[PDB]
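J.: Before I ask anything, let me first share the structure, which is written out below as structure tokens.
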Amino acid sequence: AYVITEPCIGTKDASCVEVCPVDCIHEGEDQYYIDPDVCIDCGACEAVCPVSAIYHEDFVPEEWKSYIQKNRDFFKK
Ligand code: SF4
Ligand code: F3S
């Protein structure tokens with residue numbers, strides 16, 4: 001699953017949203033978040049996002065594995 005990181009915070013829009021086949025980009029506090037478990041591991045938003053602020057959950061640094069859990073939590077239970 002492809003997930004937000006730090007750099008989109010405050011940047012807030014650009015934007016990714018509309019490109020996603022399964023539209024699973026949803027707003028949070030400031031920036032958007034993504035449902036990674038709905039997201040089908042695709043490369044569309046990755047390419048469009050400035051400097052790919054959208055990073056894959058694995059690649060996402062441990063520091064920001066927190067945010068990835070957050071993006072989950074947002075649409076989890
Ligand atoms: S990686 Fe694709 S499926 Fe996933 S959030 Fe991005 S555009 Fe949507
Ligand atoms: S900057 Fe943020 S709005 Fe989307 S295009 Fe990147 S995740």
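These residue numbers are counts, starting from 1, taken along the chain as shown.
Quick check of the header: solution NMR.
The backbone N, Cα and C atoms fix where each Cβ goes, and this holds for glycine too.
The domain '4Fe-4S ferredoxin-type 1' annotation in Swiss-Prot covers 1-28. If you look up Swiss-Prot, you'll see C8, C16, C49 marked as [3Fe-4S] cluster binding site. Summarising the annotation, Swiss-Prot assigns [4Fe-4S] cluster binding site to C20, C39, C42, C45. Residues or ranges marked as domain '4Fe-4S ferredoxin-type 2' in Swiss-Prot: 30-59.
Tell me about the surroundings of these features in the structure.
T.: Below 8 angstroms of C-beta separation, residues 34-42, 44-46, 48-51, 53-57, 60-61, 64, 67-68, 71, 74-75 of the same chain, each at least six residues beyond the ends of the domain '4Fe-4S ferredoxin-type 1' (1-28), sit close to that stretch.
Secondary structure at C16 ([3Fe-4S] cluster binding site), as computed by DSSP, is coil. Annotation for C16 ([3Fe-4S] cluster binding site): same-chain Cβ neighbours under 8 Å, separated by at least 6 residues, are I25, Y32, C45, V48, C49, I54.
Its Cβ placed at the centre, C45 ([4Fe-4S] cluster binding site) has 22 other Cβ atoms within 10 Å.
Packing against the domain '4Fe-4S ferredoxin-type 2' (30-59) from elsewhere in the chain are residues 1-12, 14-17, 19-22, 24, 65, 68, 70-72, 74-76: each is 6 or more residues past its ends and has a CB under 8 Å from a CB in it.
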J.: Using a 10 Å radius around its CB, how many other CB atoms surround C42 ([4Fe-4S] cluster binding site)?
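T.: Result for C42 ([4Fe-4S] cluster binding site): 14 neighbouring Cβ atoms inside 10 Å.
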J.: For a quick check of packing: other C-beta atoms within 10 Å of the C-beta of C49 ([3Fe-4S] cluster binding site), how many?
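T.: Result for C49 ([3Fe-4S] cluster binding site): 21 neighbouring Cβ atoms inside 10 Å.
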J.: Return the members of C8, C16, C39, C45, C49 (the binding-site residues) with CB less than 6 angstroms from at least one atom of ligand 2, or none.
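T.: Passing the 6 Å Cβ check against ligand 2: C8, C16, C49.
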J.: Filter the candidate list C8, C39, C49 of binding-site residues, keeping only entries whose CB is under 6 Å from an atom of ligand 1.
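T.: The qualifying binding-site residues are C39.
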J.: Give me the CA-CA distance between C39 ([4Fe-4S] cluster binding site) and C8 ([3Fe-4S] cluster binding site), in Å, as a whole number.
T.: 18
